[PDB]
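What follows is a set of notes on a single structure, which appears directly below.
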Amino acid sequence: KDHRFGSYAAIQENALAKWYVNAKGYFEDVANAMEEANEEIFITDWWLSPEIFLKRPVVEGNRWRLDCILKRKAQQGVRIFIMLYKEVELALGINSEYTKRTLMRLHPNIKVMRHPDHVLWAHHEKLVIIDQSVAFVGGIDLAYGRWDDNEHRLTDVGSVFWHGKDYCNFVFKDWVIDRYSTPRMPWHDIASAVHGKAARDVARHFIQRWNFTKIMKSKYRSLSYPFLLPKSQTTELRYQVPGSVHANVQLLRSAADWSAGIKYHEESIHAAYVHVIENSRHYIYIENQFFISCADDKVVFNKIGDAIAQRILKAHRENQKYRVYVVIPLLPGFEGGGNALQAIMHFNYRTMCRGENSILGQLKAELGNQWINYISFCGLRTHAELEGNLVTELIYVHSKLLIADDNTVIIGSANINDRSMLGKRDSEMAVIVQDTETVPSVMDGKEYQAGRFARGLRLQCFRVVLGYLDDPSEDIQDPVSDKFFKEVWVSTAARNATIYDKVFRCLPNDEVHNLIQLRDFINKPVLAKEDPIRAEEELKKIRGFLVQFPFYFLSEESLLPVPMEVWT
Ligand SMILES: *[PH-](=O)([O-])[O-]
């Protein structure tokens, strides 16, 4: 049938849905949903690490370690199906071959596929579906480094939260791991759960890929790899994710012949994103790992960055208040080294501010200097003391999140880049949630009926990044007023950025325009070391994690050197 946005799935009205800010709650609920499975567990991952703990701090021994959960459910008769991305032979990587063997050795009811063969793009969706009745969709893999809570801690010297290989730091530091010298990289991300017919929609995507891959590879043609069947739409599971509310939901994906055997590619995530931006009335809030857009229909093609610029110019033309918040990582992570990092920085900046085609280029040409009233670009950072020394690290924004108007959300695996959005490249999954239940709220000082689901999630985002967890939240209730935008959002991002720059002289920043200035810069003395008493006094004025994004880091470098589309 013909569905909205050309999705493979219909709008499911009054579906029960949940959101997650960071992995702590997500992994706990996944663990409890799996514990209650009776028939089927389906898992997809870009990377899966079998020994991660889903509940922490650890008690009850290995009861909540991922491999032990799967094994005891398989032992009860639950059939477990796992699809892993097959990384290049030359990748240091994801170790999918080892992980497959580990998993299938736990019990015969556990069946694992890897795809694609290389003798290309990737499978990027991160899904857990239980009994085709509860499904989790997000940006969070069941993998090392992902677990985090809203404190985004840099340290763990008792090994209370990140045992062994789970203590990771994927930030580039070779411009030219041991937990006693080096802080971890915190993992900031977003996920969701859906129930009922919506969950059956997630299952259908997983079944389509499973059966497609089964018939395409010799090794999976045997009876031992079951042919999967969708649960009849006529028919649930004795688990409801606590905290869920009813809303209109719709599954969306990126998929194509190579990834799912469909003849015409699907790019319904992309379509949904452009639609939500175009129809927003008050604000959009983006947290995303990448920010590669602004189409020249030669090297970049997706329409999101141009939709943003054009929505702002409409607000200006109608003399309307409209805000765009953009939170991305301060540096790209690597999980080619430095030339890979630089290529992604090229395209992120190309979308933001480098070129007349940039978002800022387009706004300037029509708005000149008034662009500051409409958009703010940020990353995340934090600090701590490690073994008597002040340290800082960026917080990796791994999210793939769009919120509009406190009433519409898109959560999934798709990054703002062509790889995720065009549909023909990496395979991806997202869900759009549109509120049907509203609460009395405020929007530019005016009475406003906000959506239960989207407002709750936007407020939790705000609390995390602005520093209002467990605090009176009056200052953050209105997401578009001059008072909030200037005195809370833009002020926090500038204040924290200034403090971190002064205390740590950390990269990235607006002073370092070329790689040779970088080397000299980092050899200069650092206050955090020279006068820690004073540094610690200055850091007491930090509130939240938000920091203003530096437009001019490696300004003068041509950040390009492998085809371009690998980076875009
Ligand atoms: P994904 O795990 O690369 O965004």
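By order of appearance in the structure tokens: chains A, B, ..., then residues from 1 within every chain, and ligands from 1 in the order shown.
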
request  = Give the residue list for ligand 1 at 9 Å, counting only C-alpha atoms and all ligand atoms, as an MDAnalysis selection string, sorted by chain and then by residue number.
outcome  = chainID A and resid 45:47 124:126 139:141 288:290 335 398:400 413:415 420

Output N, CA, C and O atoms for every residue in that selection, as a short mmCIF file (atom, residue, chain, number, x, y, z; two decimals), in the first residue's frame.
data_model
loop_
_atom_site.label_atom_id
_atom_site.label_comp_id
_atom_site.auth_asym_id
_atom_site.auth_seq_id
_atom_site.Cartn_x
_atom_site.Cartn_y
_atom_site.Cartn_z
N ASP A 45 22.63 -5.20 14.88
CA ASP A 45 23.67 -4.30 15.40
C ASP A 45 24.72 -4.07 14.33
O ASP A 45 25.13 -5.01 13.61
N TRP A 46 25.28 -2.84 14.35
CA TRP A 46 26.49 -2.50 13.63
C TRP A 46 27.69 -3.13 14.31
O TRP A 46 28.65 -3.54 13.67
N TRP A 47 27.65 -3.18 15.64
CA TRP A 47 28.66 -3.80 16.48
C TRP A 47 27.91 -4.38 17.67
O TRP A 47 27.13 -3.66 18.28
N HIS A 124 23.26 -0.41 9.47
CA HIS A 124 23.55 0.51 10.59
C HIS A 124 22.42 0.54 11.59
O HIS A 124 22.57 1.18 12.64
N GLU A 125 21.31 -0.14 11.37
CA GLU A 125 20.19 0.01 12.26
C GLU A 125 20.48 -0.74 13.55
O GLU A 125 21.24 -1.74 13.56
N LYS A 126 19.93 -0.25 14.66
CA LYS A 126 20.15 -0.88 15.97
C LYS A 126 18.79 -1.20 16.54
O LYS A 126 18.05 -0.29 16.94
N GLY A 139 19.84 4.86 18.49
CA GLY A 139 21.19 4.95 17.98
C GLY A 139 22.19 4.14 18.74
O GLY A 139 23.38 4.15 18.43
N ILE A 140 21.71 3.39 19.70
CA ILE A 140 22.56 2.71 20.67
C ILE A 140 22.74 1.22 20.31
O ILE A 140 21.78 0.46 20.28
N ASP A 141 23.96 0.83 19.97
CA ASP A 141 24.30 -0.60 19.81
C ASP A 141 24.49 -1.25 21.17
O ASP A 141 24.77 -0.60 22.17
N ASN A 288 22.84 15.16 16.69
CA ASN A 288 23.23 14.18 15.68
C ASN A 288 24.74 14.02 15.61
O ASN A 288 25.50 14.96 15.85
N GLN A 289 25.18 12.81 15.28
CA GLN A 289 26.60 12.50 15.22
C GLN A 289 27.26 13.17 14.03
O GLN A 289 28.48 13.44 14.03
N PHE A 290 26.50 13.41 12.98
CA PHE A 290 27.00 14.09 11.80
C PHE A 290 26.08 15.24 11.40
O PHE A 290 24.92 15.32 11.82
N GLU A 335 35.89 4.54 15.21
CA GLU A 335 35.75 3.20 15.77
C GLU A 335 35.84 2.17 14.68
O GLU A 335 36.19 1.03 15.00
N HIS A 398 26.37 10.86 20.01
CA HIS A 398 26.05 9.79 19.05
C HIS A 398 24.57 9.75 18.65
O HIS A 398 24.18 8.93 17.76
N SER A 399 23.72 10.50 19.33
CA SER A 399 22.32 10.69 19.00
C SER A 399 22.03 10.82 17.51
O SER A 399 22.84 11.38 16.75
N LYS A 400 20.79 10.44 17.16
CA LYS A 400 20.18 10.71 15.87
C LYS A 400 18.74 11.17 16.17
O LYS A 400 17.75 10.42 16.04
N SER A 413 18.53 5.45 13.77
CA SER A 413 19.94 5.26 13.53
C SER A 413 20.52 6.18 12.48
O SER A 413 21.74 6.19 12.30
N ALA A 414 19.70 6.93 11.75
CA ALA A 414 20.17 7.67 10.60
C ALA A 414 20.78 9.01 11.02
O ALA A 414 20.11 9.87 11.63
N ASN A 415 22.04 9.18 10.62
CA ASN A 415 22.82 10.40 10.76
C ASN A 415 22.40 11.40 9.70
O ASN A 415 21.83 11.04 8.67
N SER A 420 23.39 7.75 5.38
CA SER A 420 22.20 7.33 6.10
C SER A 420 20.91 7.68 5.38
O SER A 420 19.93 6.91 5.45
#

Leaving out residue A:169 and any residue of its chain fewer than 5 positions from it, which residues lie within 12 Å of it when counting only C-alpha atoms, given as a compact mmCIF listing (two decimals) with N, CA and C atoms, in the first residue's frame?
# COMPACT_ATOMS: atom_id res chain seq x y z
N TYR A 144 30.46 -2.24 23.44
CA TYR A 144 31.37 -1.50 24.31
C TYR A 144 31.29 0.00 24.07
N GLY A 145 31.35 0.72 25.20
CA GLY A 145 31.48 2.16 25.17
C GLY A 145 30.15 2.88 25.19
N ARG A 146 29.03 2.16 24.99
CA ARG A 146 27.75 2.81 24.79
C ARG A 146 27.07 3.14 26.09
N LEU A 154 33.69 11.01 33.55
CA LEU A 154 34.95 10.72 32.88
C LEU A 154 35.75 9.63 33.56
N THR A 155 35.47 9.32 34.82
CA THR A 155 36.33 8.41 35.56
C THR A 155 35.52 7.24 36.12
N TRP A 162 32.17 0.55 34.22
CA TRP A 162 32.69 0.15 32.92
C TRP A 162 33.79 -0.87 33.19
N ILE A 177 43.39 1.09 26.16
CA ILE A 177 43.68 2.35 26.83
C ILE A 177 43.65 2.21 28.36
N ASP A 178 44.46 2.98 29.08
CA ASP A 178 44.62 2.76 30.52
C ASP A 178 43.85 3.81 31.31
N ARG A 179 42.98 3.32 32.20
CA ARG A 179 42.06 4.15 32.99
C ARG A 179 42.72 4.91 34.12
N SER A 181 45.61 6.82 33.48
CA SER A 181 46.07 8.06 32.88
C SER A 181 44.97 8.77 32.12
N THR A 182 44.03 8.02 31.52
CA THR A 182 43.20 8.52 30.44
C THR A 182 41.72 8.49 30.78
N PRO A 183 40.98 9.61 30.61
CA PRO A 183 39.55 9.56 30.88
C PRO A 183 38.83 8.82 29.78
N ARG A 184 37.68 8.26 30.15
CA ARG A 184 36.80 7.70 29.12
C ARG A 184 36.17 8.81 28.30
N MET A 185 35.66 8.47 27.14
CA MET A 185 34.80 9.32 26.32
C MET A 185 33.35 9.03 26.65
N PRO A 186 32.60 9.97 27.23
CA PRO A 186 31.19 9.73 27.49
C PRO A 186 30.36 9.61 26.20
N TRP A 187 29.31 8.83 26.32
CA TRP A 187 28.51 8.39 25.16
C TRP A 187 27.11 8.96 25.32
N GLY A 333 34.62 10.77 15.88
CA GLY A 333 35.30 9.68 16.54
C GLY A 333 35.65 8.61 15.51
N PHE A 334 36.62 7.75 15.84
CA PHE A 334 37.00 6.67 14.94
C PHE A 334 36.79 5.38 15.71
N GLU A 335 35.89 4.54 15.21
CA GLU A 335 35.75 3.20 15.77
C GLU A 335 35.84 2.17 14.68
N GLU A 393 37.29 15.96 28.64
CA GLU A 393 37.06 15.23 27.39
C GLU A 393 35.74 15.68 26.81
N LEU A 394 35.64 15.58 25.50
CA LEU A 394 34.37 15.84 24.87
C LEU A 394 33.40 14.70 25.16
N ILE A 395 32.11 15.00 25.15
CA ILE A 395 31.03 14.02 25.26
C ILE A 395 30.57 13.70 23.83
N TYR A 396 30.66 12.41 23.43
CA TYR A 396 30.41 12.07 22.04
C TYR A 396 28.92 12.13 21.86

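Taking only C-alpha atoms into account, residue A:423 lies nearest to A:268 out of the set A:218, A:32, A:268, A:76.
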
note = One decimal place gives the atom CA of residue A:357-atom CA of residue A:305 separation as 9.8 Å

Write out as a compact mmCIF listing (two decimals) with N, CA, C and O atoms, in the first residue's frame the set of residues from stretch 244-464 of chain A that DSSP, computed on the backbone, places in strand (DSSP E).
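selection-v6.txt written:
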# COMPACT_ATOMS: atom_id res chain seq x y z
N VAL A 245 3.78 6.22 26.80
CA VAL A 245 2.51 6.89 26.58
C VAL A 245 2.04 6.67 25.14
O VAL A 245 2.82 6.29 24.27
N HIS A 246 0.76 6.95 24.89
CA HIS A 246 0.13 6.74 23.60
C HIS A 246 0.43 7.93 22.71
O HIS A 246 0.35 9.10 23.14
N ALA A 247 0.68 7.65 21.44
CA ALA A 247 0.93 8.67 20.43
C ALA A 247 0.75 8.04 19.05
O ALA A 247 0.64 6.81 18.92
N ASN A 248 0.74 8.88 18.02
CA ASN A 248 0.75 8.34 16.64
C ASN A 248 2.18 8.06 16.22
O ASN A 248 3.03 8.96 16.27
N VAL A 249 2.46 6.83 15.81
CA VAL A 249 3.82 6.52 15.42
C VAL A 249 3.84 5.99 14.00
O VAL A 249 2.84 5.49 13.45
N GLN A 250 5.04 6.04 13.42
CA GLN A 250 5.26 5.49 12.09
C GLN A 250 6.72 5.09 11.93
O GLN A 250 7.64 5.86 12.21
N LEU A 251 6.94 3.85 11.50
CA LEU A 251 8.28 3.40 11.24
C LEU A 251 8.72 3.90 9.87
O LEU A 251 7.93 4.03 8.94
N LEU A 252 10.02 4.10 9.75
CA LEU A 252 10.63 4.67 8.57
C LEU A 252 11.93 3.92 8.37
O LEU A 252 12.50 3.44 9.35
N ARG A 253 12.45 3.86 7.13
CA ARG A 253 13.76 3.25 7.00
C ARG A 253 14.53 3.78 5.82
O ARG A 253 13.99 4.41 4.91
N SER A 254 15.82 3.46 5.80
CA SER A 254 16.60 3.47 4.57
C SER A 254 16.95 2.05 4.16
O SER A 254 17.51 1.29 4.95
N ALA A 255 16.61 1.70 2.91
CA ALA A 255 16.83 0.33 2.46
C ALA A 255 16.83 0.30 0.93
O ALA A 255 16.28 1.21 0.29
N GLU A 266 14.14 2.80 -0.63
CA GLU A 266 13.26 3.54 0.27
C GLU A 266 14.13 4.56 1.01
O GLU A 266 15.23 4.23 1.45
N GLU A 267 13.65 5.80 1.12
CA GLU A 267 14.34 6.86 1.88
C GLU A 267 13.30 7.64 2.67
O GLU A 267 13.21 8.87 2.63
N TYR A 283 10.15 25.80 16.64
CA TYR A 283 11.56 25.47 16.83
C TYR A 283 11.80 24.05 16.32
O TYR A 283 10.89 23.23 16.33
N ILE A 284 13.04 23.77 15.93
CA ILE A 284 13.54 22.39 15.81
C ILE A 284 14.79 22.28 16.68
O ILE A 284 15.54 23.25 16.81
N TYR A 285 14.97 21.11 17.29
CA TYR A 285 16.08 20.70 18.13
C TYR A 285 16.66 19.45 17.51
O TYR A 285 15.95 18.42 17.37
N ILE A 286 17.97 19.49 17.18
CA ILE A 286 18.73 18.40 16.56
C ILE A 286 19.89 18.01 17.47
O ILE A 286 20.66 18.89 17.91
N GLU A 287 20.02 16.71 17.78
CA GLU A 287 21.26 16.14 18.29
C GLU A 287 21.64 15.06 17.28
O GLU A 287 20.82 14.18 16.97
N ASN A 288 22.84 15.16 16.69
CA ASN A 288 23.23 14.18 15.68
C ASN A 288 24.74 14.02 15.61
O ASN A 288 25.50 14.96 15.85
N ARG A 323 13.40 29.15 16.26
CA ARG A 323 14.74 28.83 16.73
C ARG A 323 15.18 27.47 16.23
O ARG A 323 14.37 26.55 16.25
N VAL A 324 16.46 27.32 15.91
CA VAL A 324 17.04 26.05 15.53
C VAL A 324 18.23 25.80 16.45
O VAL A 324 19.17 26.58 16.44
N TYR A 325 18.19 24.69 17.17
CA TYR A 325 19.27 24.23 18.05
C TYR A 325 19.93 23.00 17.44
O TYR A 325 19.23 22.01 17.15
N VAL A 326 21.27 23.05 17.29
CA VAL A 326 22.07 22.00 16.69
C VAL A 326 23.23 21.58 17.61
O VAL A 326 24.11 22.40 17.92
N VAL A 327 23.24 20.30 18.04
CA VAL A 327 24.19 19.73 18.97
C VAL A 327 24.80 18.52 18.26
O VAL A 327 24.06 17.58 17.92
N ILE A 375 19.53 30.54 15.01
CA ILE A 375 20.21 29.25 15.03
C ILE A 375 21.45 29.33 15.92
O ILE A 375 22.07 30.39 16.04
N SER A 376 21.75 28.20 16.58
CA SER A 376 22.89 28.06 17.48
C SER A 376 23.52 26.70 17.23
O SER A 376 22.79 25.69 17.30
N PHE A 377 24.84 26.65 17.03
CA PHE A 377 25.58 25.39 16.85
C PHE A 377 26.45 25.11 18.08
O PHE A 377 27.22 25.98 18.47
N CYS A 378 26.35 23.88 18.66
CA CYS A 378 26.99 23.49 19.89
C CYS A 378 27.55 22.06 19.81
O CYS A 378 27.07 21.25 19.04
N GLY A 379 28.50 21.77 20.72
CA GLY A 379 28.84 20.42 21.12
C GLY A 379 28.73 20.21 22.62
O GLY A 379 28.13 21.05 23.30
N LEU A 380 29.34 19.14 23.17
CA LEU A 380 29.26 18.80 24.57
C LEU A 380 30.65 18.54 25.12
O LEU A 380 31.50 17.92 24.45
N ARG A 381 30.89 18.94 26.37
CA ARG A 381 32.19 18.66 27.00
C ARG A 381 32.01 18.58 28.50
O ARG A 381 31.05 19.12 29.08
N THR A 382 32.93 17.87 29.15
CA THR A 382 32.93 17.86 30.61
C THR A 382 34.35 17.68 31.13
O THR A 382 35.31 17.74 30.37
N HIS A 383 34.47 17.67 32.46
CA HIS A 383 35.73 17.62 33.15
C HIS A 383 35.62 16.78 34.41
O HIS A 383 34.54 16.43 34.86
N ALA A 384 36.77 16.51 35.00
CA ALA A 384 36.86 15.76 36.25
C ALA A 384 38.28 15.81 36.77
O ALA A 384 39.18 16.32 36.11
N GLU A 385 38.48 15.24 37.97
CA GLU A 385 39.82 14.96 38.50
C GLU A 385 40.12 13.47 38.47
O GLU A 385 39.35 12.67 39.01
N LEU A 386 41.27 13.11 37.89
CA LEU A 386 41.69 11.73 37.69
C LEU A 386 43.07 11.60 38.33
O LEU A 386 44.06 12.16 37.81
N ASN A 389 44.82 14.96 39.01
CA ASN A 389 45.02 15.84 37.87
C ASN A 389 43.68 16.16 37.23
O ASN A 389 42.86 15.27 37.02
N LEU A 390 43.44 17.44 36.93
CA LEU A 390 42.24 17.88 36.23
C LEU A 390 42.31 17.41 34.78
O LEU A 390 43.33 17.58 34.10
N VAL A 391 41.21 16.82 34.31
CA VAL A 391 41.13 16.36 32.94
C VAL A 391 39.83 16.86 32.32
O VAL A 391 38.84 17.15 33.00
N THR A 392 39.81 16.89 31.00
CA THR A 392 38.62 17.18 30.23
C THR A 392 38.52 16.21 29.04
O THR A 392 39.53 15.80 28.46
N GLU A 393 37.29 15.96 28.64
CA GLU A 393 37.06 15.23 27.39
C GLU A 393 35.74 15.68 26.81
O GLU A 393 34.80 15.99 27.55
N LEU A 394 35.64 15.58 25.50
CA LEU A 394 34.37 15.84 24.87
C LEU A 394 33.40 14.70 25.16
O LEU A 394 33.81 13.57 25.40
N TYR A 396 30.66 12.41 23.43
CA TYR A 396 30.41 12.07 22.04
C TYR A 396 28.92 12.13 21.86
O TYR A 396 28.19 11.32 22.46
N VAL A 397 28.47 13.04 21.02
CA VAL A 397 27.08 13.11 20.62
C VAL A 397 26.80 12.03 19.56
O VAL A 397 26.99 12.23 18.36
N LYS A 400 20.79 10.44 17.16
CA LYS A 400 20.18 10.71 15.87
C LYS A 400 18.74 11.17 16.17
O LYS A 400 17.75 10.42 16.04
N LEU A 401 18.57 12.44 16.55
CA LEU A 401 17.32 12.93 17.15
C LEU A 401 16.90 14.23 16.48
O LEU A 401 17.69 15.19 16.38
N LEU A 402 15.61 14.33 16.14
CA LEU A 402 14.97 15.59 15.75
C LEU A 402 13.71 15.77 16.59
O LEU A 402 12.90 14.85 16.71
N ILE A 403 13.53 16.95 17.20
CA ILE A 403 12.28 17.30 17.87
C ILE A 403 11.77 18.59 17.24
O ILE A 403 12.57 19.49 16.93
N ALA A 404 10.44 18.69 17.04
CA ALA A 404 9.86 19.93 16.52
C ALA A 404 8.69 20.35 17.41
O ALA A 404 7.83 19.51 17.74
N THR A 408 6.52 16.72 17.98
CA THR A 408 6.93 15.75 16.96
C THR A 408 8.36 15.36 17.22
O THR A 408 9.21 16.25 17.47
N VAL A 409 8.65 14.07 17.14
CA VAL A 409 9.98 13.53 17.35
C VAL A 409 10.31 12.52 16.26
O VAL A 409 9.45 11.69 15.89
N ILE A 410 11.58 12.51 15.81
CA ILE A 410 12.13 11.38 15.01
C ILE A 410 13.37 10.87 15.76
O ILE A 410 14.30 11.66 16.04
N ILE A 411 13.40 9.57 16.11
CA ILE A 411 14.50 8.94 16.81
C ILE A 411 14.90 7.75 15.94
O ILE A 411 14.02 6.98 15.48
N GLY A 412 16.22 7.58 15.67
CA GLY A 412 16.61 6.33 14.99
C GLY A 412 18.10 6.16 14.83
O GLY A 412 18.88 6.66 15.67
N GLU A 428 19.05 1.67 7.52
CA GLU A 428 18.79 2.44 8.75
C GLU A 428 17.33 2.29 9.13
O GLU A 428 16.47 1.99 8.29
N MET A 429 17.02 2.56 10.40
CA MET A 429 15.65 2.53 10.89
C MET A 429 15.43 3.74 11.80
O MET A 429 16.31 4.10 12.58
N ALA A 430 14.25 4.33 11.69
CA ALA A 430 13.84 5.45 12.56
C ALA A 430 12.34 5.34 12.85
O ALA A 430 11.58 4.67 12.14
N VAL A 431 11.89 6.02 13.91
CA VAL A 431 10.46 6.13 14.13
C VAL A 431 10.08 7.58 14.31
O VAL A 431 10.79 8.30 15.04
N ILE A 432 9.01 8.01 13.63
CA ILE A 432 8.36 9.31 13.91
C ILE A 432 7.18 9.17 14.87
O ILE A 432 6.33 8.31 14.71
N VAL A 433 7.15 10.02 15.90
CA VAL A 433 6.12 10.01 16.93
C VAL A 433 5.46 11.38 16.91
O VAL A 433 6.15 12.40 17.05
N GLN A 434 4.14 11.44 16.74
CA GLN A 434 3.44 12.71 16.75
C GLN A 434 2.44 12.68 17.90
O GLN A 434 1.71 11.70 18.06
N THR A 438 -1.95 16.14 25.00
CA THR A 438 -1.19 17.35 25.22
C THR A 438 -1.29 17.78 26.68
O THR A 438 -2.16 17.31 27.41
N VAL A 439 -0.32 18.57 27.12
CA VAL A 439 -0.29 19.16 28.47
C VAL A 439 -0.30 20.67 28.30
O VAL A 439 0.19 21.17 27.27
N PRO A 440 -0.79 21.42 29.31
CA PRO A 440 -0.74 22.89 29.25
C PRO A 440 0.70 23.31 29.37
O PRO A 440 1.43 22.83 30.25
N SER A 441 1.12 24.19 28.48
CA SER A 441 2.52 24.53 28.38
C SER A 441 2.62 26.00 27.95
O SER A 441 1.64 26.75 28.01
N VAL A 442 3.81 26.37 27.51
CA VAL A 442 4.11 27.75 27.14
C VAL A 442 5.04 27.77 25.93
O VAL A 442 5.87 26.86 25.74
N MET A 443 4.88 28.77 25.09
CA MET A 443 5.70 28.89 23.88
C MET A 443 5.74 30.37 23.58
O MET A 443 4.70 30.95 23.25
N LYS A 446 3.25 32.54 25.57
CA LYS A 446 1.85 32.33 25.23
C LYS A 446 1.38 30.96 25.69
O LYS A 446 2.16 30.01 25.70
N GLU A 447 0.13 30.86 26.12
CA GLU A 447 -0.45 29.54 26.33
C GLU A 447 -0.24 28.65 25.10
O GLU A 447 -0.32 29.12 23.96
N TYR A 448 0.07 27.38 25.34
CA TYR A 448 0.38 26.47 24.24
C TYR A 448 0.15 25.04 24.72
O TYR A 448 0.50 24.70 25.83
N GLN A 449 -0.44 24.22 23.87
CA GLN A 449 -0.70 22.82 24.21
C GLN A 449 0.42 21.98 23.61
O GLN A 449 0.46 21.77 22.38
N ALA A 450 1.34 21.53 24.46
CA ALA A 450 2.50 20.78 24.01
C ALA A 450 2.14 19.29 24.00
O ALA A 450 1.21 18.88 24.68
N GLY A 451 2.90 18.50 23.25
CA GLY A 451 2.71 17.03 23.25
C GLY A 451 3.40 16.38 24.45
O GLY A 451 4.49 16.78 24.87

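Among A:128, A:24, A:103, A:19, the residue with the shortest atom-to-atom distance to residue A:41, counting only C-alpha atoms, is A:128.
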
Using only C-alpha atoms, I'd like a table of the residues in stretch 406-504 of chain A that come within 8 Å of stretch 292-302 of chain A; for each, show the closest atom pair and its distance in Å rounded to one decimal, ordered by chain and ascending number, as CSV.
residue,atom,partner,partner_atom,distance
A:416,CA,A:292,CA,5.8
A:417,CA,A:292,CA,4.7
A:418,CA,A:302,CA,5.9
A:421,CA,A:302,CA,6.7
A:422,CA,A:302,CA,6.7

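A straight line drawn from atom CA of residue A:206 to atom CA of residue A:42 is 7.5 Å long.
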
request  = Please report, as a PyMOL selection string, each residue of stretch 463-555 of chain A to which DSSP assigns helix (DSSP H, G or I) when run on this structure's backbone.
outcome  = chain A and resi 463-466+474-476+482-504+515-523+527-530+532-539

task = Please provide as a ChimeraX atom specification all residues within 8 Å of residue A:513, with the sequence filter that same-chain residues fewer than 3 positions apart are discarded (counting only C-alpha atoms).
result = /A:510,517-518,552-557

Selected residues written out with C-alpha atoms, as an mmCIF file, in the first residue's frame:
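And here's again21.cif as it stands now:
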data_model
loop_
_atom_site.group_PDB
_atom_site.id
_atom_site.type_symbol
_atom_site.label_atom_id
_atom_site.label_comp_id
_atom_site.auth_asym_id
_atom_site.auth_seq_id
_atom_site.Cartn_x
_atom_site.Cartn_y
_atom_site.Cartn_z
ATOM 1 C CA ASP A 510 38.516 29.196 17.105
ATOM 2 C CA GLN A 517 49.695 26.340 14.908
ATOM 3 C CA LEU A 518 48.117 23.273 16.542
ATOM 4 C CA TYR A 552 37.158 28.452 12.646
ATOM 5 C CA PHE A 553 39.099 25.372 13.806
ATOM 6 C CA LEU A 554 41.531 24.447 10.980
ATOM 7 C CA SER A 555 39.926 27.254 8.948
ATOM 8 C CA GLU A 556 42.772 27.545 6.492
ATOM 9 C CA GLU A 557 43.378 23.830 5.977
#

ask   = Between atom CA of residue A:370 and atom CA of residue A:445, what is the distance, to one decimal in Å?
value = 21.7 Å
